[PDB]
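Engineer: Dropping in entry_23.txt, with compact mmCIF, C-alpha atoms.
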# COMPACT_ATOMS: atom_id res chain seq x y z
CA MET C 1 -13.79 -10.94 8.94
CA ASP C 2 -11.08 -10.61 6.29
CA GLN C 3 -8.07 -8.33 5.78
CA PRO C 4 -6.23 -8.89 2.44
CA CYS C 5 -2.55 -8.01 2.16
CA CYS C 6 -0.02 -6.97 -0.48
CA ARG C 7 3.72 -6.54 -1.03
CA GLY C 8 5.72 -3.72 -2.58
CA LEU C 9 7.92 -4.58 -5.55
CA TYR C 10 9.96 -1.39 -5.25
CA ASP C 11 10.87 0.77 -2.26
CA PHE C 12 9.68 4.32 -1.73
CA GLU C 13 10.25 6.93 0.96
CA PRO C 14 7.10 8.89 2.00
CA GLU C 15 7.30 12.60 1.18
CA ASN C 16 3.63 13.56 0.80
CA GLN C 17 1.09 13.59 3.64
CA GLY C 18 -1.55 10.88 3.33
CA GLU C 19 0.67 8.45 1.44
CA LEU C 20 2.14 5.27 2.91
CA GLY C 21 5.87 4.56 2.97
CA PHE C 22 7.41 1.12 2.51
CA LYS C 23 10.21 -0.87 0.87
CA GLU C 24 10.83 -4.06 -1.06
CA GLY C 25 9.23 -7.06 0.60
CA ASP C 26 7.13 -4.84 2.86
CA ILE C 27 3.73 -6.41 3.50
CA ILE C 28 0.87 -3.94 3.96
CA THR C 29 -2.62 -4.69 5.29
CA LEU C 30 -5.30 -3.10 3.13
CA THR C 31 -8.82 -2.30 4.23
CA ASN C 32 -9.37 1.18 2.81
CA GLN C 33 -9.17 2.90 -0.57
CA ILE C 34 -9.03 6.15 -2.48
CA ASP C 35 -10.03 4.99 -5.95
CA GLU C 36 -9.50 2.34 -8.62
CA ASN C 37 -5.89 3.55 -8.96
CA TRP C 38 -4.48 3.71 -5.42
CA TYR C 39 -5.70 1.76 -2.38
CA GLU C 40 -5.43 2.44 1.33
CA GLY C 41 -4.33 0.48 4.37
CA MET C 42 -2.04 0.46 7.40
CA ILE C 43 1.38 -0.86 8.38
CA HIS C 44 2.70 -1.27 11.93
CA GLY C 45 0.87 1.77 13.26
CA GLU C 46 0.24 4.16 10.36
CA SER C 47 -2.29 4.52 7.55
CA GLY C 48 -1.88 5.73 3.98
CA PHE C 49 -2.56 5.11 0.29
CA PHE C 50 -0.53 3.01 -2.15
CA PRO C 51 -1.26 2.63 -5.92
CA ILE C 52 -1.35 -0.94 -7.22
CA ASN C 53 1.47 0.00 -9.59
CA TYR C 54 3.80 -0.19 -6.58
CA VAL C 55 2.58 -3.35 -4.84
CA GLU C 56 1.17 -6.80 -5.54
CA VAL C 57 -1.97 -7.77 -3.65
CA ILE C 58 -1.52 -11.35 -2.45
CA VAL C 59 -5.19 -11.88 -1.57
CA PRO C 60 -7.59 -10.50 -4.25
Have the structure of the file written as structure tokens, please.

Structural biologist:
Amino acid sequence: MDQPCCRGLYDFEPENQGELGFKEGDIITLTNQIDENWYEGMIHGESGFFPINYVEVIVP
């Protein structure tokens, strides 16, 4: 039982299906993944992917 989290350094509005939208300070709960480049998780009530180059995982 463990669900690591991360936080976006820069904001971004979702424009492509499958991706996850968020802003600065937005904490996302990860528990999925696409590849070694972009991960996957959910926020509030939606799922999507978010490359590490846009967030900072708090819990490795």

Engineer: Could you pull the residues within 8 Å of residue 7 of chain C, counting all atoms listed in the file, minus those fewer than 4 positions along the same chain, as a PDB file with C-alpha atoms, in the coordinates of the input?

Structural biologist:
ATOM      1  CA  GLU C  24      10.830  -4.060  -1.060  1.00  0.00           C
ATOM      2  CA  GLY C  25       9.230  -7.060   0.600  1.00  0.00           C
ATOM      3  CA  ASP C  26       7.130  -4.840   2.860  1.00  0.00           C
ATOM      4  CA  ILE C  27       3.730  -6.410   3.500  1.00  0.00           C
ATOM      5  CA  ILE C  28       0.870  -3.940   3.960  1.00  0.00           C
ATOM      6  CA  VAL C  55       2.580  -3.350  -4.840  1.00  0.00           C
ATOM      7  CA  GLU C  56       1.170  -6.800  -5.540  1.00  0.00           C
ATOM      8  CA  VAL C  57      -1.970  -7.770  -3.650  1.00  0.00           C
ATOM      9  CA  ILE C  58      -1.520 -11.350  -2.450  1.00  0.00           C
TER      10      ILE C  58
END

Engineer: Write out as a JSON list (two decimals) with C-alpha atoms, keeping the file's coordinate frame the residues lying within 12 Å of residue 52 of chain C, counting only C-alpha atoms and excluding same-chain residues fewer than 3 positions away.

Structural biologist:
[["chain", "number", "residue", "atom", "x", "y", "z"],
["C", 5, "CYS", "CA", -2.55, -8.01, 2.16],
["C", 6, "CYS", "CA", -0.02, -6.97, -0.48],
["C", 7, "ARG", "CA", 3.72, -6.54, -1.03],
["C", 8, "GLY", "CA", 5.72, -3.72, -2.58],
["C", 9, "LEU", "CA", 7.92, -4.58, -5.55],
["C", 10, "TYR", "CA", 9.96, -1.39, -5.25],
["C", 28, "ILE", "CA", 0.87, -3.94, 3.96],
["C", 30, "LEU", "CA", -5.30, -3.10, 3.13],
["C", 33, "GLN", "CA", -9.17, 2.90, -0.57],
["C", 34, "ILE", "CA", -9.03, 6.15, -2.48],
["C", 35, "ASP", "CA", -10.03, 4.99, -5.95],
["C", 36, "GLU", "CA", -9.50, 2.34, -8.62],
["C", 37, "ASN", "CA", -5.89, 3.55, -8.96],
["C", 38, "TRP", "CA", -4.48, 3.71, -5.42],
["C", 39, "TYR", "CA", -5.70, 1.76, -2.38],
["C", 40, "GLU", "CA", -5.43, 2.44, 1.33],
["C", 49, "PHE", "CA", -2.56, 5.11, 0.29],
["C", 55, "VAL", "CA", 2.58, -3.35, -4.84],
["C", 56, "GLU", "CA", 1.17, -6.80, -5.54],
["C", 57, "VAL", "CA", -1.97, -7.77, -3.65],
["C", 58, "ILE", "CA", -1.52, -11.35, -2.45],
["C", 60, "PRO", "CA", -7.59, -10.50, -4.25]]

Engineer: Which one is closest to residue 47 of chain C: C:31, C:23, C:3, C:59? Count only C-alpha atoms.

Structural biologist: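 Answer, going by the shortest atom-to-atom distance: C:31.
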
Engineer: Step by step, gather every atom of segment 51-59 of chain C that the file lists, find the box along x, y and z that holds them, add 4 Å on each side, and finally give centre and edge lengths in Å to one decimal, as AutoDock Vina command-line options.

Structural biologist:
--center_x -0.7 --center_y -4.6 --center_z -5.6 --size_x 17.0 --size_y 22.5 --size_z 16.0

Engineer: Quick check, in Å to one decimal: how far apart do atom CA of residue 12 of chain C and atom CA of residue 32 of chain C lie?

Structural biologist: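 Here the two named atoms are 19.8 Å from each other.
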
Engineer: Could you check how far atom CA of residue 45 of chain C sits from atom CA of residue 19 of chain C, in Å to one decimal?

Structural biologist: 13.6 Å

Engineer: Just the residues within 10 Å of residue 46 of chain C, please, counting only C-alpha atoms, with nothing from its chain fewer than 6 positions along; format it as number ranges by chain.

Structural biologist: C: 18-21

Engineer: Just the number, please: distance in Å from atom CA of residue 48 of chain C to atom CA of residue 1 of chain C, one decimal.

Structural biologist: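 Here the two named atoms are 21.1 Å from each other.
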
Engineer: Hey, could you patch up segment 34-53 of chain C with N, CA and C atoms and hand it over as a PDB file, in the coordinates of the input?

Structural biologist:
ATOM      1  N   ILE C  34      -8.797   4.822  -1.955  1.00  0.00           N
ATOM      2  CA  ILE C  34      -9.030   6.150  -2.480  1.00  0.00           C
ATOM      3  C   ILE C  34      -9.804   6.089  -3.784  1.00  0.00           C
ATOM      4  N   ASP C  35      -9.379   5.188  -4.657  1.00  0.00           N
ATOM      5  CA  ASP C  35     -10.030   4.990  -5.950  1.00  0.00           C
ATOM      6  C   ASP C  35      -9.530   3.714  -6.613  1.00  0.00           C
ATOM      7  N   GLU C  36      -9.894   3.526  -7.876  1.00  0.00           N
ATOM      8  CA  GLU C  36      -9.500   2.340  -8.620  1.00  0.00           C
ATOM      9  C   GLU C  36      -8.006   2.351  -8.967  1.00  0.00           C
ATOM     10  N   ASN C  37      -7.316   3.444  -8.651  1.00  0.00           N
ATOM     11  CA  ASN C  37      -5.890   3.550  -8.960  1.00  0.00           C
ATOM     12  C   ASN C  37      -5.030   3.226  -7.739  1.00  0.00           C
ATOM     13  N   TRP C  38      -5.255   3.938  -6.638  1.00  0.00           N
ATOM     14  CA  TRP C  38      -4.480   3.710  -5.420  1.00  0.00           C
ATOM     15  C   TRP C  38      -5.371   3.318  -4.245  1.00  0.00           C
ATOM     16  N   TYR C  39      -4.949   2.275  -3.525  1.00  0.00           N
ATOM     17  CA  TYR C  39      -5.700   1.760  -2.380  1.00  0.00           C
ATOM     18  C   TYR C  39      -5.226   2.380  -1.084  1.00  0.00           C
ATOM     19  N   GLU C  40      -5.807   1.928   0.018  1.00  0.00           N
ATOM     20  CA  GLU C  40      -5.430   2.440   1.330  1.00  0.00           C
ATOM     21  C   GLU C  40      -5.410   1.332   2.377  1.00  0.00           C
ATOM     22  N   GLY C  41      -4.468   1.450   3.306  1.00  0.00           N
ATOM     23  CA  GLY C  41      -4.330   0.480   4.370  1.00  0.00           C
ATOM     24  C   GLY C  41      -3.407   0.978   5.463  1.00  0.00           C
ATOM     25  N   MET C  42      -2.936   0.076   6.318  1.00  0.00           N
ATOM     26  CA  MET C  42      -2.040   0.460   7.400  1.00  0.00           C
ATOM     27  C   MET C  42      -0.899  -0.532   7.571  1.00  0.00           C
ATOM     28  N   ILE C  43       0.201  -0.041   8.123  1.00  0.00           N
ATOM     29  CA  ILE C  43       1.380  -0.860   8.380  1.00  0.00           C
ATOM     30  C   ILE C  43       1.994  -0.487   9.724  1.00  0.00           C
ATOM     31  N   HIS C  44       2.137  -1.481  10.598  1.00  0.00           N
ATOM     32  CA  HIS C  44       2.700  -1.270  11.930  1.00  0.00           C
ATOM     33  C   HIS C  44       1.763  -0.421  12.786  1.00  0.00           C
ATOM     34  N   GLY C  45       1.728   0.880  12.512  1.00  0.00           N
ATOM     35  CA  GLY C  45       0.870   1.770  13.260  1.00  0.00           C
ATOM     36  C   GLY C  45       0.561   3.058  12.515  1.00  0.00           C
ATOM     37  N   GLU C  46       0.524   2.983  11.185  1.00  0.00           N
ATOM     38  CA  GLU C  46       0.240   4.160  10.360  1.00  0.00           C
ATOM     39  C   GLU C  46      -0.583   3.794   9.136  1.00  0.00           C
ATOM     40  N   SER C  47      -1.436   4.724   8.715  1.00  0.00           N
ATOM     41  CA  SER C  47      -2.290   4.520   7.550  1.00  0.00           C
ATOM     42  C   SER C  47      -1.820   5.365   6.371  1.00  0.00           C
ATOM     43  N   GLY C  48      -2.259   4.993   5.171  1.00  0.00           N
ATOM     44  CA  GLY C  48      -1.880   5.730   3.980  1.00  0.00           C
ATOM     45  C   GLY C  48      -2.342   5.036   2.708  1.00  0.00           C
ATOM     46  N   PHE C  49      -2.152   5.688   1.563  1.00  0.00           N
ATOM     47  CA  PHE C  49      -2.560   5.110   0.290  1.00  0.00           C
ATOM     48  C   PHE C  49      -1.358   4.585  -0.489  1.00  0.00           C
ATOM     49  N   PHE C  50      -1.600   3.599  -1.351  1.00  0.00           N
ATOM     50  CA  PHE C  50      -0.530   3.010  -2.150  1.00  0.00           C
ATOM     51  C   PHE C  50      -1.070   2.412  -3.461  1.00  0.00           C
ATOM     52  N   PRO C  51      -0.858   3.112  -4.594  1.00  0.00           N
ATOM     53  CA  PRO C  51      -1.260   2.630  -5.920  1.00  0.00           C
ATOM     54  C   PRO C  51      -0.809   1.196  -6.177  1.00  0.00           C
ATOM     55  N   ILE C  52      -1.643   0.451  -6.895  1.00  0.00           N
ATOM     56  CA  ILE C  52      -1.350  -0.940  -7.220  1.00  0.00           C
ATOM     57  C   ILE C  52      -0.085  -1.075  -8.056  1.00  0.00           C
ATOM     58  N   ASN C  53       0.284   0.001  -8.743  1.00  0.00           N
ATOM     59  CA  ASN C  53       1.470   0.000  -9.590  1.00  0.00           C
ATOM     60  C   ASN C  53       2.754   0.042  -8.765  1.00  0.00           C
TER      61      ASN C  53
END
